[PDB]
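Observations on the three-dimensional arrangement
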Amino acid sequence: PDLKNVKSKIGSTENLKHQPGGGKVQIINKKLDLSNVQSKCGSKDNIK
Amino acid sequence: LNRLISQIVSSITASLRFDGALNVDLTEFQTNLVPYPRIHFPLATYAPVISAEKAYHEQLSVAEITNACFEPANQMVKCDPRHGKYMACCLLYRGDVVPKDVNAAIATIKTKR
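Residues numbered from 1 in each chain as written, not as in the entry; some residues may be left out. Chains lettered and ligands numbered in written order. Part of a larger assembly, values for the part shown. Heavy atoms only, no water.

The deposited coordinates derive from cryo-EM, with the record listing a resolution of 4.1 Å.

See below:
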């Protein structure tokens, strides 16, 4: 006898393209703007 | 041979003829025993598999009976399963069996990797 060609069915041989692929993460951080800010009591200029 | 075969199928259908702590349906089998659809045929075991003379000289715990299930001589298919690699083992209990020692015992088998 002869079998010519035969192969397995179905598993890890059909998976070899798809890893799958991974990704990327990031924070999750900010600031605030302070540029407007002055004190809200204010007598010391009255020295004038 | 037909009476020991019976005790195996009885034990596989115990979970659907009476109540229990963890209750495995006959549809559940495929999802844990079949990793690919044609790699579908698991070998059988059951235990204890002793006569009345012997019962009174051995410890008969969930630990002891679960550990004996793995012994290559006492498999219901005549092959040394050491020749190969286990893929999934489905273990199915009956009687005075507390789940904690099922968890211990099956953990010990794996711990003998």
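1. Some points on the overall build of chain B
When you go through chain B residue by residue, the secondary structure sums to four helices and zero strands. Taken over C-alpha atoms, the radius of gyration comes to 15 Å for chain B, in line with the 13 Å a tight globule of 113 residues would show. Across its three principal axes, chain B shows a C-alpha extent of roughly 45 × 35 × 35 Å. The proportion of buried residues among the 113 residues of chain B is 12%. Contacts in chain B between residues at least 24 apart in sequence constitute 61% of all its contacts with a sequence separation of at least 6. Counting only carbon and sulfur atoms, one obtains 57% of the accessible surface of chain B, whose full area is about 9,400 Å². (Helix = DSSP H or I, 4+ residues; strand = E, 2+ residues; numbered from the N terminus. Rg over C-alpha atoms; globule rule 2.2 N^0.38 Å. Buried < 20%, exposed > 50% of the residue type's maximum accessible area, 1.4 Å probe, protein only. Contact = heavy atoms within 4.5 Å. Areas by Shrake-Rupley, 256 points an atom, 1.4 Å probe, with all protein chains shown as cover.)

2. Quick word on the packing of aromatic side chains
Residue and element names in this part refer to chain B. Applying the stated criterion across every chain, the model contains one aromatic pair over all chains. With centroids separated by 5.4 Å and ring planes inclined at 80°, the aromatic side chains of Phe70 and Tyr86 adopt a geometry described as edge-to-face. Here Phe70, found in the loop between α3 (62–68) and α4 (99–111), pairs with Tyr86, found in the loop between α3 and α4; they are 16 residues apart in sequence, far enough to count as distant. Judged by its relative accessible area of 45%, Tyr86 is partly exposed. (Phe/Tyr/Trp six-rings, centres within 6.5 Å; stacked < 30°, edge-to-face > 60°.)

3. Things to note about α4(B)
Residues three or four positions apart in an α-helix share a direction because the helix packs 3.6 residues into each turn. With 13 residues, α4(B) should reach 18 Å at 1.5 Å per residue; the first-to-last C-alpha distance of 18 Å fits that figure. At its buried positions, α4(B) is contacted by α3 of chain B. (Expected span 1.5 Å × (residues − 1).)

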